[PDB]
Amino acid sequence: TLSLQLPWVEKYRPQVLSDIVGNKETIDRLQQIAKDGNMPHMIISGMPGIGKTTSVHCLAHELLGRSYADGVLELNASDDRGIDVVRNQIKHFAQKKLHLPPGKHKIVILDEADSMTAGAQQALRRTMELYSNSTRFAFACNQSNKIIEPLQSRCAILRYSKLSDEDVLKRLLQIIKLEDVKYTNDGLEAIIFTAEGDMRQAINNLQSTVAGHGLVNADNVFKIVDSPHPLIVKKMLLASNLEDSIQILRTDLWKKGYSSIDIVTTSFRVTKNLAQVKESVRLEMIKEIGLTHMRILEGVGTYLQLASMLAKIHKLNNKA
Amino acid sequence: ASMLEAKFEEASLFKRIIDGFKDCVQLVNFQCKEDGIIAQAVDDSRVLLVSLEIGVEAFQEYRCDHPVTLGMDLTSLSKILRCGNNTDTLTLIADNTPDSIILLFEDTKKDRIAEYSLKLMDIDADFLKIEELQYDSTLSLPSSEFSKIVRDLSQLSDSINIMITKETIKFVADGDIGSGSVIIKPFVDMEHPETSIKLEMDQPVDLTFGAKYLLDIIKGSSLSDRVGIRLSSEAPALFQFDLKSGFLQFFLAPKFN
Amino acid sequence: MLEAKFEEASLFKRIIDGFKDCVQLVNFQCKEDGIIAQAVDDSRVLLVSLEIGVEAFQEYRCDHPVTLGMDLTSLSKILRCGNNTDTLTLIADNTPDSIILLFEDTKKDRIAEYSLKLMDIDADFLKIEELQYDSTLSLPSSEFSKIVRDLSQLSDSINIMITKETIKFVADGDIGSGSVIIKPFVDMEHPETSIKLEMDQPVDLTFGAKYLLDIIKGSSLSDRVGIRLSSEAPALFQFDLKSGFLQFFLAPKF
Amino acid sequence: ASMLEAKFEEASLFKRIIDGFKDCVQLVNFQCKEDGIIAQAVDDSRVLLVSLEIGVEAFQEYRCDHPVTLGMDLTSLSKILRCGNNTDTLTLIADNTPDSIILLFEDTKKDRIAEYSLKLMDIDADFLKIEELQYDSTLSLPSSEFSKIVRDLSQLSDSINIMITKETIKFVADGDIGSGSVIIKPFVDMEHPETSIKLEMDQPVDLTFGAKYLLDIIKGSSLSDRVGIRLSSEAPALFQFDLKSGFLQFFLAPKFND
Amino acid sequence: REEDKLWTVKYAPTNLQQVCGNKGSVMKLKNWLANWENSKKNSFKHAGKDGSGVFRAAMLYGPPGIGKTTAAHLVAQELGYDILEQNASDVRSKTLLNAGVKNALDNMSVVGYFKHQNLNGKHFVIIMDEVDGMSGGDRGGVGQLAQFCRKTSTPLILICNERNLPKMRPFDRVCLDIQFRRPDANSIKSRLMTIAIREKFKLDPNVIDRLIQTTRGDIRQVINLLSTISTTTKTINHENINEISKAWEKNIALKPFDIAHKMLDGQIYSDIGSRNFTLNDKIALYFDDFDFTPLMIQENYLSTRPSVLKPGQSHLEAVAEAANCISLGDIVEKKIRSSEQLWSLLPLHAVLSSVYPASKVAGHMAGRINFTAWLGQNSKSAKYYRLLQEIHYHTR
DNA sequence: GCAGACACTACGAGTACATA
DNA sequence: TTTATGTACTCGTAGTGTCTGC
Ligand SMILES: Nc1ncnc2c1ncn2[C@@H]1O[C@H](COP(=O)(O)OP(=O)(O)OP(O)(O)=S)[C@@H](O)[C@H]1O
Ligand SMILES: Nc1ncnc2c1ncn2[C@@H]1O[C@H](COP(=O)(O)OP(=O)(O)OP(O)(O)=S)[C@@H](O)[C@H]1O
Ligand SMILES: [Mg+2]
Ligand SMILES: [Mg+2]
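This is how it looks when you write it as structure tokens:
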């Protein structure tokens, strides 16, 4: 069995708060907390892959360089995050006597706290209210709606935002300077367009393209990763001249092996997030796509159901 | 070669002492001074005050450099204390400003050594200055007999109405299912004095106690053959178990009258 | 007007331990000749009847028959309080809404008196159907308990078949099958452990595993259990006591 | 005549072997040949392997004409084994192309022969032979002592680090609530040779193991009074429990270190 | 050791006049707790104008971060009582509550002996925080707490968030009903002026209104917000107030009345409203209370004066159009809650039951939002059914 | 040696959520 | 009093097995 090279996702994982590129105000605030020391309870939320847990880990490393292995607790959904284990472990950690530097506090990191049970969060509320001058919590969830209201009340909400293409380009050029590779600007633009703000997706696509071909060119990138289905579905829905939408479907979704359920769900999401057309036409289109979704889920999954959904959408578009 | 080298000569004694009040309280502060080890704990319901004191004579070699607070969880201490043998000699060790303590379980055979580190929990508990007062009655009976009687009565009601009148202890209990009563007579046993009942009468008493609290108190009945209970009308009961060089006295507050 | 002073509370303790789970509410229709009781489970398929004569009691005096509707969990707690060397004294009044269980020890060190109220439970219909049973066997209770437990591990329906002096407890399930046969062994040095059978006519009866496991809890009463079966009448598992006996009536379930 | 006829003296034996690895393994198979009833199975998590061999010496009378494979569910088999007494004698009976075995519980003290049948199963796991023969450290210590050590160190943490030095065996079990360090040195007890501990150190060994699987290993300490651990880097640990005719050797994969 | 604690604990109310806002609730609570002795000697029968005599226990409810816990603790400490605080971190099921503070309800403290003039130092006050955290329901401790309220010999104080849970029903009137509200801007303004003086950071007197209204009166998050802002930039003015507001909006899950009130507004469905309040926002608004929103839309989808009528379309035609989609979404709800349990149709149910029907009848309202009446009539219909099968069994 | 006393895994029953 | 399977969690429960000491 051959050995495996470390993936570029964590082979170039940042270790300093200056390495991560993104929301400049957020990173400056994190650096200020790093220099000062008095870290408040924070709830970091945002889209996947935009550098949430890496910032928390870098901040904890900078704050507890010498006592990271002793005064930092890391829990996630992979651990038994239930009321008994949360109670016992968090209360044992929050009362443990560890002589940190005067500005440094214990940090309890809870990755992906969105999937955490309500009673465990209720216990965490009381634990945070008791032990706050010795330990400081730190959540990192994709959506902050799952976390109960009192936990957000006693924390400091800090939301991330999707990275602009400039920051993804800067990081990609930094990694390309770190490891030698031949690239074309068209290939990098294609990778950035495919990533859609997801830095981890960009790194995975770049690594896959380099391993598959060795040259980061537009054709190689489009061979490794296909065009995203939301874009082709949006092109299908927005286009008039029903025959054109029918052939777009039959060419780019049916013969490319996309399941009918996936096409219908993607159409629902696209027409929900669509902004070019007015509200009433979006509502009708959602109604028709939902009727087709009901038909598909009942079991009648064929090309003709999708064609009929497109036909009803186009009859709506031409205003009968 | 550290601050504290308190060395028990027989570890199961310390295991019994810790298990004596394991369930009632979890966090306990251990004050370690030159005279001995004194510990005070407060129950979560603030009704039980488990005062403890171990003299220097109990330890085979007790050497405390200067007074210090040792706050440790009883759950972790009981988990660690299940790692030794009857011949094992506990050699509790603490360093300067301790964050962890080494419970070195030595053995008579020198090829078997087991050291366990225990992380100290920061506990904020105000010290209670108890005072010596005369109680209306002092009852001393064997711990096994007392435990038997109280476990008999606790299977009937959640409350016990201890009564001492006319040199007649009147352990009674009334509940929804029924009513129970036990009457004992103080006497002296020539064959085995530790099986006798001794009582002194100063004032009558009217005291009431719960069930689970008394069960937690008698959980530590293994340390002493006989328990010394002192009753006062307007003062907490003092359930005292005499050790070889110390005691484990419980302060349980009687209910409303 | 009831004074039933036992010589050892362990008898009453193992009796109630025998019928903890088969029934929860029981009406004690105590009489002069002793105490008899009849009880039916919630499923209306298991019938338990107990009988203890005066010969077991050190003292007994019941002038007026009184039907006592009494809880078994409270008795279990009160008799777990009791232990050896203590003589239980069942005491009742003329109109005993509350019962008294005096625990008298040899020494005056600690004598305990207890109480328990009497709930309203309707008097069960005293069916006295005693139809003759085709086959009769009696084997040690430990052997029967082991056999029924091991065969109930495999399946939930134990078949009992008697033919040619060879009882064949067969239970067939999903993990496999189980067949045990018993020859009519006779023992001289230890007559208590023996297998004797009176096969008048062969029978083939199937019973559920839950009730067959439940009836085992009376094994502490007797070292031997007598079982008599009929093709249509309910089976009779009888536990011998010093004075009387305790019996289980379970109808066949084909 | 049944082609497979294996007789057990002191039928509590086979129950002890079955209980040795009932908890860790749920599905086994028994390649019964003329040499003896061997077995080999891998857990669902593909971490711990259980090899087994029972020689012809352990059987009163053993006769196996052709190689037989008996894929089995260990839970049902252990339940069947529990359906008997140690006084009784157990017999495995299987015919040609078996669908199930026949287990007999006979005793001359009282004629109460009980015949149980357990359905077979098609595991279809060909596995492979053991290809590990060289080990750095080869140590044997009493089973009771090792089981006790594992038991009181599994409560502290989930990882038990076994370290081997020059005539020094160290178990480190650092965890959340504290740490642990059991140091045991070789010594030869002349009075009780069964309580002696032996060490044979070639190259230093530093391996960590999971607590739950090590508890599953020590669950077999009732099978034999002594266990011989044979550690080596880049090689699974070999916990071998000797039998009267064969052995019950386990293979445990050390956890990764990074 | 100072300058490491949170700003929400070092700047905490020490005495009763430092609790900014809700003065009436605090003084009512203190009056109730100060007159429980004579009420106890009155056998909870005679009460004054306020009714504190007949209320054996008092419970506290309101939005977070307004001072329920702090005011309760200060009142308990000031009057010499010994605090006994409980929480959801300690399990409070039937067993652990019957073997918990059940004994302490009719028992007096032991620490009050050695801490002593104080006349109530040998008593307990039961401060049960996080009682909404106990989601046990049946046999979950709520019935045990009802029994405790029925029979306790010590003051009992409960702290929760809001009362509209069906779990919270058994405390309808057995407990006192003191309620806290959002504190006024003047008291918070004075408190934050003191905070700004203490922490030497610039705080304009006019940005504070926006800081409060973004956080919805949650004082603790306000103090945390000023702390984290002043970490890197201690001066705030009109320049950064919009960025601070958009970055630290509270984003409360809306109340079942509030989802309907926001969804029936005609402003959000206009061309400007659609851009500011997108369709995804409406879907999230439905999914805030996806259980009660489809009904709550339906009971009052016709009691609104329309403002989004198409030219030539009457109000009754719009109501019929909305009713057609309510009927259509009924089928989707049935298919979701069926044997198959196709729960991927919930976003469909959003549009088919709340978005589209409210998109035709939007505008200003004829009256206040009417609660779902389908629940009560469904209960009455079920009782009528049970009666009919009962008389059908009896008549045969 | 036997009966308890413990901690232990295991089973049963009930609440809660289910798309971003 | 509603949805109506499957999943996950939480609890108290009853057996089950192991260690102490009469
Ligand atoms: N601002 C950034 N600068 C540099 N690398 C980044 C940045 N954001 C993300 N990355 C890269 O993304 C990877 C780390 O992503 P994560 O932070 O683990 O994703 P995440 O934020 O945790 O989102 P989820 O919810 O866990 S999927 C590493 O390969 C990083 O190099
Ligand atoms: N009236 C007030 N004036 C100023 N600060 C206040 C006030 N009320 C609360 N606080 C702050 O909030 C902190 C704690 O408030 P709490 O009363 O514990 O919150 P809460 O009402 O219990 O809400 P929960 O428990 O999180 S749902 C105090 O230490 C203060 O910093
Ligand atoms: Mg993450
Ligand atoms: Mg609160």
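Residue numbers (the working numbering), protein chains in the order written: chain P, 5 to 324; chain V, -12 to 244; chain X, 11 to 264; chain B, 20 to 277; chain C, 72 to 467.
C-beta: ideal position from N, C-alpha, C; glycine also.
Asked: Residue 81 of chain P to residue 181 of chain B span [Cα, whole Å]; Found: 29 Å
Asked: Proximity test, Cβ basis, 9 Å: residue 3 of chain V and chain B; Found: no
Asked: Expected contact under 8 Å - CB spacing of residue 242 of chain V and residue 177 of chain C to nearest Å; Found: 5 Å
Asked: Proximity below 9 Å, CB of residue 195 of chain V to CB of residue 146 of chain V; Found: yes
Asked: Distance between beta carbons of residue 51 of chain P and residue 166 of chain P, contact taken as under 8 Å; Found: 6 Å
Asked: Start and end residues, beta strand (DSSP E) containing residue 294 of chain P; Found: Run containing residue 294 of chain P: none in the beta strand (DSSP E); it sits in the alpha helix (DSSP H), 283 to 302.
Asked: Rounded C-alpha distance that separates residue 191 of chain P from residue 256 of chain P; Found: 22 Å
Asked: For residue 258 of chain X and residue 139 of chain X, the rounded distance between their alpha carbons; Found: 13 Å
Asked: Residues in the stretch 58 to 70 of chain V having any Cβ partner in chain B nearer than 7 Å; Found: 63, 66, 67, 69, 70
Asked: Proximity of residue 127 of chain P and residue 204 of chain C at Cβ, strictly below 9 Å; Found: yes
Asked: Assigned secondary structure, residue 121 of chain V (DSSP; H/G/I helix, E/B strand, else coil); Found: coil
Asked: Residues, ordered as in the chain, of the stretch 110 to 133 of chain B that lie near chain X by beta-carbon distance below 7 Å; Found: 119, 129, 130, 131, 132, 133
Asked: As assigned by DSSP and simplified to three states, the class of residue 59 of chain V; Found: strand
Asked: Distance cut-off 8 Å: residue 99 of chain C Cβ against heavy atoms of ligand 3; Found: no
Asked: Any non-hydrogen atom of ligand 3 closer than 8 Å to residue 151 of chain B Cβ; Found: no
Asked: Three-state secondary structure (DSSP) of residue 72 of chain P; Found: helix
Asked: Same chain, Cβ closer than 8 Å to residue 234 of chain B, neighbours up to 5 away in sequence not counted; Found: 169, 170, 173
Asked: Chain-ordered neighbours of residue 106 of chain V on chain B, where CB pairs are closer than 9 Å; Found: 195, 196, 197, 198
Asked: For residue 154 of chain P, three-class secondary structure by DSSP; Found: helix
Asked: Contact list for residue 117 of chain V against chain C, beta-carbon separation under 7 Å; Found: 185
Asked: Member of V:116, V:24, V:95 whose CA lies at the smallest distance from the CA of residue 79 of chain V; Found: V:24
Asked: Nearest-angstrom Cβ-Cβ length linking residue 97 of chain B and residue 41 of chain B, presumed shorter than 8 Å; Found: 5 Å
Asked: Local Cβ density within 10 Å of residue 443 of chain C, reported as buried at 16 or more and exposed below that; Found: buried
Asked: Cβ neighbour criterion (16 or more within 10 Å) applied to residue 275 of chain P; Found: buried
Asked: Residues of its chain near residue 101 of chain C, where Cβ-Cβ distance is below 6 Å and the 5 sequence neighbours each way are ignored; Found: 146
Asked: Closer than 8 Å at the beta carbon, the chain B residues around residue 38 of chain X; Found: None at all; the shortest Cβ gap to chain B is about 39 Å.
Asked: Per-residue DSSP class, three states only, for residue 229 of chain P; Found: coil
Asked: 8 Å contact criterion, which residue 301 of chain C and residue 272 of chain C should meet: CB distance rounded; Found: 4 Å
Asked: Proximal residues of chain B, C-beta to C-beta of residue 193 of chain X below 7 Å; Found: 130
Asked: Interfacial residues, the stretch 144 to 169 of chain X to chain B, with Cβ spacing under 9 Å; Found: 153, 156, 157, 159, 160, 161, 163, 164
Asked: C-beta neighbour in chain X for residue 105 of chain B, strict 9 Å; Found: no
Asked: Chain X within 9 Å of residue 216 of chain V, Cβ atoms only; Found: no
Asked: Check: residue 138 of chain C C-beta below 8 Å from any heavy atom of ligand 2; Found: yes
Asked: Distance CB(residue 183 of chain X)-CB(residue 134 of chain B) smaller than 9 Å; Found: no
Asked: Sequence-distant residues of the same chain with beta carbon closer than 7 Å to residue 43 of chain V, five excluded per side; Found: 22, 23, 49
Asked: Among P:302, P:211, P:129, the one whose alpha carbon lies nearest that of residue 10 of chain P; Found: P:211
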